[PDB]
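Structure file data-v6.txt with compact mmCIF, C-alpha atoms:
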```
# COMPACT_ATOMS: atom_id res chain seq x y z
CA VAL A 1 0.00 0.00 0.00
CA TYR A 2 3.00 2.26 0.57
CA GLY A 3 4.18 2.68 -3.02
CA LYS A 4 6.60 1.44 -5.65
CA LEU A 5 9.13 -1.31 -5.07
CA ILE A 6 12.48 0.05 -3.89
CA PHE A 7 15.60 -2.00 -4.58
CA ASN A 8 18.93 -2.20 -2.76
CA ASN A 9 20.26 0.84 -4.64
CA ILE A 10 18.90 2.90 -1.72
CA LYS A 11 21.72 2.71 0.83
CA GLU A 12 19.91 4.16 3.84
CA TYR A 13 17.67 1.83 5.83
CA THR A 14 15.00 4.55 5.99
CA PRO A 15 14.52 6.31 2.62
CA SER A 16 14.15 10.07 2.81
CA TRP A 17 10.78 10.14 1.02
CA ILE A 18 9.07 8.31 3.90
CA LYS A 19 7.11 10.40 6.41
CA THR A 20 8.10 10.76 10.06
CA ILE A 21 5.47 12.06 12.48
CA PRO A 22 6.28 15.07 14.70
CA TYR A 23 6.59 14.88 18.47
CA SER A 24 3.18 16.52 18.95
CA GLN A 25 1.21 13.58 17.54
CA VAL A 26 2.91 10.82 19.56
CA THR A 27 0.83 10.04 22.64
CA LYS A 28 2.41 10.73 26.02
CA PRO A 29 2.50 8.19 28.87
CA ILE A 30 0.33 8.53 31.96
CA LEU A 31 3.07 8.41 34.60
CA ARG A 32 0.70 7.95 37.53
CA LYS A 33 -0.42 4.94 39.51
CA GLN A 34 -3.98 3.86 38.71
CA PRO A 35 -6.54 2.10 40.92
CA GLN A 36 -6.14 -1.66 41.14
CA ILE A 37 -8.74 -3.79 39.35
CA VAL A 38 -9.43 -6.36 42.08
CA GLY A 39 -12.54 -8.28 43.07
CA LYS A 40 -14.24 -8.39 46.44
CA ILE A 41 -12.85 -11.81 47.39
CA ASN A 42 -9.19 -10.95 46.77
CA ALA A 43 -9.52 -7.49 48.34
CA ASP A 44 -10.11 -9.17 51.70
CA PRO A 45 -6.91 -8.85 53.78
CA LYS A 46 -7.36 -12.41 55.07
CA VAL A 47 -7.32 -13.71 51.49
CA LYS A 48 -4.15 -11.69 50.84
CA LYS A 49 -2.53 -13.24 53.91
CA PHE A 50 -3.58 -16.68 52.65
CA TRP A 51 -2.00 -15.95 49.27
CA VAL A 52 1.24 -14.82 50.94
CA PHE A 53 1.28 -17.93 53.15
CA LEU A 54 0.79 -20.20 50.14
CA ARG A 55 3.52 -18.33 48.25
CA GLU A 56 6.10 -18.50 51.04
CA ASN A 57 5.36 -21.94 52.51
CA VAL A 58 4.42 -24.29 49.63
CA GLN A 59 5.05 -22.45 46.35
CA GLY B 1 -20.60 -8.92 42.82
CA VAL B 2 -19.72 -12.15 41.05
CA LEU B 3 -21.90 -11.22 38.06
CA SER B 4 -21.28 -7.47 38.37
CA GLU B 5 -18.32 -7.74 35.97
CA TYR B 6 -20.58 -8.55 33.01
CA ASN B 7 -23.02 -5.75 33.86
CA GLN B 8 -20.28 -3.14 34.28
CA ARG B 9 -18.35 -4.20 31.17
CA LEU B 10 -21.49 -3.98 29.00
CA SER B 11 -20.92 -0.20 28.89
CA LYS B 12 -17.85 -0.20 26.65
CA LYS B 13 -16.77 1.53 23.43
CA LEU B 14 -15.42 -1.23 21.19
CA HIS B 15 -15.40 -1.70 17.42
CA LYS B 16 -17.51 -4.74 16.50
CA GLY B 17 -16.68 -6.42 19.80
CA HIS B 18 -12.95 -5.57 19.67
CA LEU B 19 -11.33 -2.97 21.93
CA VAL B 20 -9.34 -0.88 19.44
CA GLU B 21 -8.11 2.69 19.20
CA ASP B 22 -10.41 5.22 17.55
CA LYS B 23 -7.51 6.97 15.77
CA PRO B 24 -3.88 6.29 14.84
CA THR B 25 -1.56 6.23 17.86
CA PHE B 26 2.23 6.34 17.98
CA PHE B 27 4.40 5.61 21.02
CA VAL B 28 8.10 6.43 21.35
CA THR B 29 10.65 5.52 24.01
CA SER B 30 12.86 8.36 25.23
CA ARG C 1 -2.03 13.26 -32.66
CA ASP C 2 -2.19 16.68 -31.02
CA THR C 3 -4.11 19.95 -31.23
CA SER C 4 -5.23 22.95 -29.18
CA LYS C 5 -8.59 21.38 -28.28
CA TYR C 6 -7.14 20.50 -24.86
CA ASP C 7 -6.93 23.22 -22.24
CA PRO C 8 -3.32 24.32 -21.59
CA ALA C 9 -3.79 23.67 -17.87
CA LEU C 10 -4.99 20.13 -18.60
CA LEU C 11 -2.04 19.47 -20.91
CA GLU C 12 0.46 20.78 -18.35
CA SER C 13 -1.11 18.73 -15.56
CA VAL C 14 -1.15 15.59 -17.71
CA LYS C 15 2.49 16.02 -18.71
CA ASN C 16 3.62 16.66 -15.13
CA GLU C 17 1.67 13.66 -13.82
CA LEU C 18 3.10 11.43 -16.56
CA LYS C 19 6.62 12.59 -15.68
CA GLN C 20 6.06 11.98 -11.96
CA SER C 21 4.43 8.56 -12.39
CA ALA C 22 7.53 6.99 -13.96
CA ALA C 23 10.00 8.94 -11.81
CA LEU C 24 12.03 6.59 -9.62
CA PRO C 25 12.13 7.88 -6.02
CA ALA C 26 15.61 8.85 -4.84
CA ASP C 27 17.11 9.51 -1.42
CA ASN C 28 17.91 13.12 -0.53
CA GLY C 29 20.60 12.29 2.04
CA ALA C 30 19.01 14.51 4.69
CA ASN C 31 17.59 14.17 8.20
CA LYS C 32 20.21 11.61 9.23
CA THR C 33 20.71 10.30 12.76
CA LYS C 34 24.07 10.18 14.52
CA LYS C 35 26.18 7.08 13.95
CA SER C 36 27.12 5.26 17.15
CA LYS C 37 30.82 5.17 18.03
CA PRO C 38 30.89 3.04 21.19
CA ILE C 39 33.83 3.29 23.58
CA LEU C 40 34.90 1.03 26.42
CA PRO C 41 33.19 1.73 29.78
CA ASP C 42 35.10 3.60 32.46
CA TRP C 43 35.63 0.52 34.65
CA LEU C 44 37.41 -1.17 31.71
CA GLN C 45 39.79 1.78 31.25
CA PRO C 46 42.89 2.82 33.23
CA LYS C 47 42.36 5.11 36.19
CA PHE C 48 42.81 8.86 35.82
CA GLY C 49 45.93 9.15 37.97
CA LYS C 50 49.28 8.75 36.22
CA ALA C 51 52.70 9.98 37.38
CA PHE C 52 56.29 9.89 36.12
CA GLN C 53 57.30 6.23 36.03
CA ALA C 54 60.93 6.25 37.16
CA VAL D 1 22.74 33.55 37.01
CA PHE D 2 20.91 31.78 34.17
CA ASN D 3 20.65 34.01 31.10
CA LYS D 4 18.37 33.24 28.17
CA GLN D 5 21.23 33.51 25.69
CA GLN D 6 23.33 31.02 27.67
CA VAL D 7 20.45 28.52 27.67
CA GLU D 8 20.03 28.99 23.92
CA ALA D 9 23.75 28.34 23.45
CA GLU D 10 23.71 25.23 25.65
CA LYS D 11 20.61 23.74 23.99
CA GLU D 12 22.76 22.39 21.14
CA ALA D 13 25.31 20.91 23.55
CA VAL D 14 22.62 19.21 25.63
CA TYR D 15 20.95 17.80 22.52
CA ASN D 16 24.29 16.48 21.24
CA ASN D 17 24.95 14.87 24.63
CA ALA D 18 21.53 13.22 24.57
CA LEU D 19 22.16 11.86 21.07
CA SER D 20 25.69 10.68 21.95
CA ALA D 21 24.51 8.90 25.11
CA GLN D 22 24.48 5.78 22.91
CA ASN D 23 28.30 5.79 22.84
CA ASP D 24 28.39 4.33 26.37
CA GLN D 25 26.51 1.13 25.59
CA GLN D 26 26.43 0.00 29.23
CA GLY D 27 25.06 3.36 30.36
CA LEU D 28 22.36 3.42 27.69
CA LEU D 29 21.35 -0.13 28.61
CA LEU D 30 21.15 0.90 32.28
CA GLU D 31 18.86 3.76 31.24
CA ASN D 32 16.79 1.27 29.22
CA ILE D 33 16.38 -1.08 32.20
CA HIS D 34 15.34 1.93 34.28
CA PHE D 35 12.77 2.84 31.62
CA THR D 36 11.38 -0.70 31.39
CA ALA D 37 11.37 -1.30 35.16
CA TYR D 38 9.46 1.90 36.03
CA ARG D 39 6.91 2.61 33.30
CA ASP D 40 4.27 4.21 35.56
CA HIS D 41 6.68 6.71 37.13
CA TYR D 42 8.90 9.51 35.86
CA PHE D 43 11.83 7.71 37.50
CA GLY D 44 12.01 5.50 34.40
CA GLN D 45 12.69 8.35 31.99
CA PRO D 46 16.30 8.72 30.81
CA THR D 47 18.60 11.00 32.77
CA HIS D 48 19.62 12.95 29.67
CA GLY D 49 15.92 13.74 29.14
CA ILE D 50 13.58 13.55 26.18
CA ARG D 51 15.33 14.81 23.06
CA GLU D 52 12.44 16.75 21.53
CA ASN D 53 11.90 18.55 24.85
CA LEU D 54 15.53 19.68 25.20
CA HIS D 55 14.94 22.62 22.85
CA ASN D 56 11.86 23.57 24.90
CA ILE D 57 13.80 24.47 28.06
CA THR D 58 13.91 28.17 28.92
CA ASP D 59 15.78 30.24 31.49
CA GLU D 60 12.68 30.51 33.67
CA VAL D 61 12.29 26.72 33.85
CA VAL D 62 15.90 26.31 35.00
CA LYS D 63 15.53 29.12 37.55
CA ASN D 64 12.35 27.59 38.98
CA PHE D 65 13.95 24.14 39.15
CA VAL D 66 17.03 25.38 40.99
CA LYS D 67 14.97 27.58 43.31
CA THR D 68 12.51 24.84 44.29
CA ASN D 69 15.05 21.98 44.46
CA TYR D 70 18.43 23.39 45.57
CA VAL D 71 17.32 23.92 49.17
CA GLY D 72 19.31 23.86 52.38
CA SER D 73 18.01 20.46 53.48
CA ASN D 74 19.17 18.89 50.19
CA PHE D 75 22.83 19.98 50.43
CA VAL D 76 25.51 17.66 51.82
CA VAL D 77 29.13 18.81 51.62
CA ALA D 78 31.70 16.07 52.23
CA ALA D 79 35.45 16.60 52.46
CA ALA D 80 38.33 14.13 52.47
CA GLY D 81 42.09 14.05 52.15
CA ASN D 82 44.57 16.48 53.67
CA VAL D 83 41.91 18.85 54.99
CA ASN D 84 41.85 20.74 58.29
CA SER D 85 38.56 19.81 59.95
CA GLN D 86 38.05 23.06 61.87
```
So, in terms of structure tokens, how does the structure I just supplied come out?
Amino acid sequence: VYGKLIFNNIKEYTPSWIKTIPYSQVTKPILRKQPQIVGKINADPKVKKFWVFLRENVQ
Amino acid sequence: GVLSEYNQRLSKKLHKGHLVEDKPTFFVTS
Amino acid sequence: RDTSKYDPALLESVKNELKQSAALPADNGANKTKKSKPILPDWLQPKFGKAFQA
Amino acid sequence: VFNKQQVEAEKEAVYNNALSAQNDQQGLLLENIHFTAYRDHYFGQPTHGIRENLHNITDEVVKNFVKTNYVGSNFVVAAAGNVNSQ
């Protein structure tokens, strides 16, 4: 879809005629912690303690 | 609740059942 | 076959498009990125201090 | 004293340093592991900073940074060698 076939006569890996987007368009990261997606059962501190116990005693 | 996930997720913006971007997006690593 | 029955603008546009269609794209050699020239890390190089040996 | 002209002059040097950071392969890989380890925090961003933003720094930004960060509680002065303690 891009265009004509280009052979190895083009030395550069990225030909000049291609388009490079500016820095404005590129989306920026959201460098903040977001709320955890956790269900009711696993949000129970007792269940968390059970998970830790299983991890550090049998796993 | 156990079944609350289905009810909450029903309100979603997805293209023909697929969660895709609504416009071109480009990410770069500094 | 040719004549003036075609508008000059149309003829110019057709000629320019015909020229551009067969034109082979070529690199301009611009907007180049720096070429890496790696050097050994500091911990693999001699320490800064050096005096008169002997 | 941070003059606008000095910042304009040093923009090119800072950009060149950011581009040349790749020369120290170990250092660039350390920056990459920092980036990949902390994606939801600014701590992951490279020390040399984002290239396209280097030209966006002004004198006022530098002045505000130094004023709000270089505070008395953040300064530790250590001395060693042939130094008179008093």
>> Should the cut-off be 7 Å, what would the residue list for chain D against chain B look like, counting all atoms listed in the file, as a VMD selection string?
In response: chain D and resid 45 to 46 50
> Taking all atoms listed in the file into account, which residues of chain C are within 9 Å of chain A, as an NGL selection string?
Replying inline: :C and (24-32)
Since we have the selection now, will you write its residues out, keeping C-alpha atoms, as a PDB file, keeping the file's coordinate frame?
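Listed below is the output, selection-v6.pdb:
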```pdb
ATOM      1  CA  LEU C  24      12.030   6.590  -9.620  1.00  0.00           C
ATOM      2  CA  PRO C  25      12.130   7.880  -6.020  1.00  0.00           C
ATOM      3  CA  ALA C  26      15.610   8.850  -4.840  1.00  0.00           C
ATOM      4  CA  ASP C  27      17.110   9.510  -1.420  1.00  0.00           C
ATOM      5  CA  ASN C  28      17.910  13.120  -0.530  1.00  0.00           C
ATOM      6  CA  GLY C  29      20.600  12.290   2.040  1.00  0.00           C
ATOM      7  CA  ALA C  30      19.010  14.510   4.690  1.00  0.00           C
ATOM      8  CA  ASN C  31      17.590  14.170   8.200  1.00  0.00           C
ATOM      9  CA  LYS C  32      20.210  11.610   9.230  1.00  0.00           C
TER      10      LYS C  32
END
```
>> With only C-alpha atoms considered, list every residue of chain D at most 9 Å from chain C, as a PyMOL selection string.
In response: chain D and resi 19-20+22-27
Can you spit out the residues from that selection as a PDB file, in the frame of the given file, using C-alpha atoms?
```
ATOM      1  CA  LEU D  19      22.160  11.860  21.070  1.00  0.00           C
ATOM      2  CA  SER D  20      25.690  10.680  21.950  1.00  0.00           C
ATOM      3  CA  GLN D  22      24.480   5.780  22.910  1.00  0.00           C
ATOM      4  CA  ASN D  23      28.300   5.790  22.840  1.00  0.00           C
ATOM      5  CA  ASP D  24      28.390   4.330  26.370  1.00  0.00           C
ATOM      6  CA  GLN D  25      26.510   1.130  25.590  1.00  0.00           C
ATOM      7  CA  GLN D  26      26.430   0.000  29.230  1.00  0.00           C
ATOM      8  CA  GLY D  27      25.060   3.360  30.360  1.00  0.00           C
TER       9      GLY D  27
END
```
> Just how far from atom CA of residue A:19 is atom CA of residue D:47, in Å to one decimal?
Replying inline: 28.8 Å
>> Would you mind listing, as a ChimeraX atom specification, all residues of chain A that have at least one atom within 10 Å of chain B, where all atoms listed in the file are what counts?
In response: /A:21,23,25-29,39-41
>> Taking only C-alpha atoms into account and nothing else, which residues of chain D lie no more than 10 Å away from chain A? Please answer as a list in words.
In response: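 Therefore, the residues near the partner are residues 38, 39, 40, 41, 42, 43, 44, 45, 51, 52 and 53 of chain D.
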>> Rounded to one decimal, what separation in Å do you get between atom CA of residue D:7 and atom CA of residue D:59?
In response: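 Interatomic distance, atom CA of residue D:7 to atom CA of residue D:59: 6.3 Å.
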>> Would you compute the distance between atom CA of residue D:75 and atom CA of residue D:54? Give it in Å to one decimal.
In response: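 Separation between atom CA of residue D:75 and atom CA of residue D:54: 26.3 Å.
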Got a sec to write stretch 19-39 of chain A of the block to a file, N, CA, C and O atoms, as a short mmCIF file (atom, residue, chain, number, x, y, z; two decimals), in the first residue's frame?
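Result went into result-v7.cif, see below:
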```cif
data_model
loop_
_atom_site.label_atom_id
_atom_site.label_comp_id
_atom_site.auth_asym_id
_atom_site.auth_seq_id
_atom_site.Cartn_x
_atom_site.Cartn_y
_atom_site.Cartn_z
N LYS A 19 7.61 9.35 5.52
CA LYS A 19 7.11 10.40 6.41
C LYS A 19 7.36 10.00 7.85
O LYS A 19 7.07 8.87 8.25
N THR A 20 7.90 10.94 8.63
CA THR A 20 8.10 10.76 10.06
C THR A 20 7.22 11.75 10.81
O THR A 20 7.27 12.95 10.54
N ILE A 21 6.43 11.24 11.75
CA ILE A 21 5.47 12.06 12.48
C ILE A 21 6.20 13.01 13.42
O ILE A 21 7.30 12.68 13.89
N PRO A 22 5.65 14.18 13.73
CA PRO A 22 6.28 15.07 14.70
C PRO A 22 6.03 14.59 16.13
O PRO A 22 5.27 13.65 16.38
N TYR A 23 6.71 15.26 17.07
CA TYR A 23 6.59 14.88 18.47
C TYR A 23 5.23 15.24 19.06
O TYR A 23 4.86 14.70 20.10
N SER A 24 4.49 16.15 18.42
CA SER A 24 3.18 16.52 18.95
C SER A 24 2.19 15.36 18.86
O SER A 24 1.41 15.13 19.79
N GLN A 25 2.22 14.61 17.75
CA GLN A 25 1.21 13.58 17.54
C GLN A 25 1.41 12.39 18.48
O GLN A 25 0.42 11.82 18.97
N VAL A 26 2.66 12.01 18.75
CA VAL A 26 2.91 10.82 19.56
C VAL A 26 2.26 11.00 20.92
O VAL A 26 2.42 12.03 21.58
N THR A 27 1.52 9.98 21.35
CA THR A 27 0.83 10.04 22.64
C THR A 27 1.83 9.97 23.78
O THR A 27 2.84 9.27 23.70
N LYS A 28 1.53 10.70 24.86
CA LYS A 28 2.41 10.73 26.02
C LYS A 28 1.96 9.71 27.06
O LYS A 28 0.77 9.41 27.17
N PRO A 29 2.89 9.16 27.84
CA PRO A 29 2.50 8.19 28.87
C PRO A 29 1.81 8.87 30.04
O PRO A 29 1.99 10.05 30.32
N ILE A 30 1.00 8.08 30.74
CA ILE A 30 0.33 8.53 31.96
C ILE A 30 1.17 8.00 33.12
O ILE A 30 0.97 6.89 33.60
N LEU A 31 2.12 8.82 33.56
CA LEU A 31 3.07 8.41 34.60
C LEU A 31 2.47 8.63 35.99
O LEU A 31 2.98 9.39 36.82
N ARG A 32 1.36 7.95 36.23
CA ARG A 32 0.70 7.95 37.53
C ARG A 32 0.19 6.55 37.82
O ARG A 32 -0.17 5.80 36.92
N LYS A 33 0.16 6.21 39.11
CA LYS A 33 -0.42 4.94 39.51
C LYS A 33 -1.94 5.01 39.42
O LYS A 33 -2.55 6.02 39.78
N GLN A 34 -2.54 3.94 38.92
CA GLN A 34 -3.98 3.86 38.71
C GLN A 34 -4.61 2.87 39.68
O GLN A 34 -3.93 1.97 40.20
N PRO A 35 -5.90 3.00 39.96
CA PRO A 35 -6.54 2.10 40.92
C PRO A 35 -6.45 0.65 40.47
O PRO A 35 -6.56 0.34 39.28
N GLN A 36 -6.26 -0.24 41.43
CA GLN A 36 -6.14 -1.66 41.14
C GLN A 36 -7.50 -2.25 40.79
O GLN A 36 -8.51 -1.97 41.45
N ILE A 37 -7.53 -3.08 39.75
CA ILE A 37 -8.74 -3.79 39.35
C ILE A 37 -8.73 -5.12 40.08
O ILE A 37 -8.09 -6.09 39.64
N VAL A 38 -9.43 -5.18 41.21
CA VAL A 38 -9.43 -6.36 42.08
C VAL A 38 -10.85 -6.62 42.54
O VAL A 38 -11.62 -5.69 42.80
N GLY A 39 -11.21 -7.90 42.64
CA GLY A 39 -12.54 -8.28 43.07
C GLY A 39 -12.70 -8.23 44.58
O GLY A 39 -11.76 -8.00 45.33
#
```
